[PDB]
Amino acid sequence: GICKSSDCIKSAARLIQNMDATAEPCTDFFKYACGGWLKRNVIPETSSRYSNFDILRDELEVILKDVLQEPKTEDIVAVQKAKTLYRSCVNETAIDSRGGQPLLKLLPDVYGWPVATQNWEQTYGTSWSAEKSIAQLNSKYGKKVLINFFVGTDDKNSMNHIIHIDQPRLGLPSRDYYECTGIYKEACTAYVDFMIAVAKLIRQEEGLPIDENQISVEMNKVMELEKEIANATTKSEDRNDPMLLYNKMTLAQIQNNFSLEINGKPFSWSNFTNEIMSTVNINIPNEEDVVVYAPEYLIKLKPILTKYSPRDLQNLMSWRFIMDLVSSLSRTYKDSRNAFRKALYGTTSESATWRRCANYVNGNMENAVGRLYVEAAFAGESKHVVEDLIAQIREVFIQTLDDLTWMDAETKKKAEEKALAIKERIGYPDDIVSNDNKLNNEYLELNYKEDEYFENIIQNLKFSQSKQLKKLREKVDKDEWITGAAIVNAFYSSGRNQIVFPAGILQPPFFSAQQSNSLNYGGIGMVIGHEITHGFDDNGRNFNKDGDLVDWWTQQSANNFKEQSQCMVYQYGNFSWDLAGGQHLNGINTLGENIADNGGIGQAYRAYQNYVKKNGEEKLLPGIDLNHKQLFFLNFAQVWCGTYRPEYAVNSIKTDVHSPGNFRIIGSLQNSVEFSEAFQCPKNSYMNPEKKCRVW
């Protein structure tokens, strides 16, 4: 009754190596399952986080490097353009020789950076307006400042596109950082120093005098301004309810209630919106319907902006533009971000150039790179098998509904209806391999050159926005993939009600038709359950089978959902993270992911149980004395083996909607009776609390 395949041996050794059998399973199963892993793996200097996931992603990047660096030869134009772009990216010699000249060239096109202009007020200050300035940064360079304007899906009509207005993101990772005290104080000092440093560098390249106190004054003025804007933004905790975020109104109505005063003149929303949309030849009338996500912010925005001069506003806007471009210039400009970056991620060095370039090319040509990846590392025989894993888990979810006691019959039936309506995406879209002509034409208007890297990335910003802005009047192109194939991740789309599993994640330890079923359900199986459950988490449940923000819940069932999930808010909220200095996790912002973890793990387990009942039990793995019930949970946990840098630990608590792998394991298994039955944990042992949370 012992497995003797080549595969089972490699598999077993892997389980054995990562675990620490000297640890007690019921005190800390993370340490039990990943103790060996942690003792073996050190976080790379360039990584803010290291884990199984990060390793699989690092291995994928290598594959990308291999295909991108390859001599052209019998390549379609789409692939050639990808390789050219990559070549331009890795050539630091050409980039270093250009200094900061590529940035200094286009600064007038964004109405300049006052601190880096000897006299900004007469060069730009006469033809200047916040409307044209914000619009230019938005529509040409994808930089969203002061007001986030983007064309997106109508929440309540998933077949249409519509203008969205929201609060913008900030220079720092979150609004909390702008307290600038304690664990943020380090971020703020490096941040302001980052400003001053780049200001001096640019002025030195233009051949201008350096008043370092004055540069420091203006940048502290910028920081003063951004602190207010950050303070005016709504907390993420008050933005987890999609129904509350949706405010549809006309442009004229926006003009009426969210007026702004810049330089003693009224801000014109019509002028602003049309400055953006004229780039794609679309007129925006006063009767245009618009969705406003952050009405409270725009209100608070009025007293702030009216206190500042055009110079102060432009100083901030151009800075937000430049800070994301300095790392695309010479080595001297790259180094200006080191202290800032080190404060936020704990990384003493930026990632290897070829890594960033592979990701950059993949992020901007996801179909072209996806094509190369699946031909190099993805087997086609994987589809119908993942198909087989998904059908089981989908069915488990529907069956589980009858067991769940916090829903009434009508809500269960509607939940079932949505579950049956979930559409799936696996591996890659076929036509990126079988249809050369379509793929070529996707990137047809891009025309890259190796000696102009900066021109290439500026071109991409313009291409990305232009492509997106044009969608306003188009109906949504569903089946459009929402991710490249060369991605180590999985996704749920509430708007499309679909689950997506790209080729990058369909590999060990998540998945292999050549590894055991016990291992598969605990890996990709849990992941499939995770993505499905997202359709029914605190966010997804608000969308119907068609992807529309519509309430299909009874008041009683909805309140029960909130009651059931509140258990998880406290549980994960009570977790103290030593890597983040004892600071607690956001039980509210991670709720959806925790619901997804807890539901997914149970679904994968139920489905595995159904499999065993259908074909019988599997032969044991050699060299490790655990049954397959135990092995399921062991593989689940080893999927989430990992560790964090302290700087990034603090960051991710406020910016990552996921819990760290450590607590995804502890939290989920604590609520699992089946786990405690498998490892015979005593009652009220740390892994077996008497109080257990349960949603799906």
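A residue's number is simply how far along the shown sequence it sits, counting from 1.
Checked against the record, the higher mean CA B factor of 360 to 368 and 171 to 179 lies with 171 to 179.
Per-stretch averaging of Cα B factors for 493 to 501 and 579 to 587 places 579 to 587 on top. Taking the PDB entry at face value, the top CA B factor among 537, 387, 155, 442 belongs to 387. Highest CA B-factor among the listed residues (417, 241, 381, 597): 381. Sort the modelled residues of the chain by CA B factor and residue 39 lands in the lowest third. In this PDB entry, residue 526 carries a Cα temperature factor that places it within the lowest third of its chain's modelled residues.
In this PDB entry, residue 643 carries a Cα temperature factor that places it within the middle third of its chain's modelled residues. Annotation for residue 693: C-alpha temperature factor in the middle third relative to the rest of the modelled chain, per the entry.
In the deposited entry, the Cα temperature factor of residue 549 sits in the bottom third of values across the chain's modelled residues.
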